[PDB]
């Protein structure tokens, strides 16, 4: 009786047709994911937004429940497994240090790093793999700059970080070594910034105060490693997907070459359009019985809120399947919604904008070097995107 879930095919970015069918005829339905409990699935924009925004839907049961999910292993802990008021305290302290101003201040360095990456990619000759050489490098290097990791240490910190990618081919113990190296390095960097503060985010986290209160040593460390992992693969995947779309849809590339000022609005539109998750936002758990479009979701039950389907709801976005780089309004849920809305989003925006700006400026003819039908897609099962993107220009 519940439908097998996910509906999305991982071998591309297509939004499964089942979502549109369900938005019309069964907007709140039952699904059986590959691992974890059967769950409610919500697909309309209004209902996804309601689930992500409602006080009655919590994340804390993620710590113990067999969470409906797409892989055998779990992704749990950190802010995304917390609820108000504990979540609220940690969040206030972080955003006091990790501001929209600080994200914007990283644009000039993000551009320098992007141009160095294009230098290095171009120098390996054509075709070159945009994923390994650019998409997998820019976000982790930008997080190193954000945090305050010295330049000299970016290559090794990058190597450690790559072990946390859901596409990494590494053993339980190799992941273990990598995490221990990253955590020991970050613990020492925190200790150095406490003694001698600088202008970077670790120093600003150490100095953050809210209602007389501050981040403990353990919270500082968990937050720094958490921001790295939350901000690396996501951004890397989204860069690869946006450039894949630019290379395969000529009008999109043309419009951004002719009007580079449309880049920030294009980043919003691509974030709305690309159904980046294989499945949904992380499951929310009813704290009491909730009626949604006539269906009773009982206290304790999990709900999968598809921001992928939501952002393609024809009731919210006129001609929702068209990519219109100048779409206004554009209140998409691609960075989430409610108290857990992406805290890295101002920085993700700078990076995605910088990625398109620099690739288009330096390589206006960038295009696939193999037929599109021959691209190899990630089977990490969390996010969708190409494993390799051989490009020519």
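Residue numbers count along the first chain shown, from 1. Here the rigid core means the biggest group of C-alpha atoms that line up within 1.5 Å when the two forms are laid on top of each other.
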| property | result |
| --- | --- |
| More variable segment, 66-74 or 338-346 [Cα RMS over structures in 5 other deposited structures of this protein, core-superposed] | 66-74 |
| Farther-lying stretch by C-alpha RMS in 5 other deposited structures of this protein (rigid core fit) among 205-213, 147-155 | 205-213 |
| Residue stretch of maximal mean CA temperature factor, 74-82 vs 241-249 | 74-82 |
| Given 166-174 and 151-159, the range whose Cα B-factors average higher in the PDB entry | 166-174 |
| Most elevated Cα B-factor in the entry, residues 336, 55, 365, 344 | 365 |
| Residue selected from 218, 88, 236, 314 by maximal Cα B factor | 218 |
| Within-chain third of residue 271 by Cα B-factor, per the entry | lowest |
| Entry-reported Cα temperature factor of residue 321, expressed as the chain third it lands in | lowest |
| B-factor third for the C-alpha atom of residue 111 within its chain | middle |
| Modelled-residue ranking by C-alpha temperature factor, third containing residue 63 | highest |
| Chain-wide C-alpha B factor ranking for residue 371, given as lowest, middle or highest third | highest |
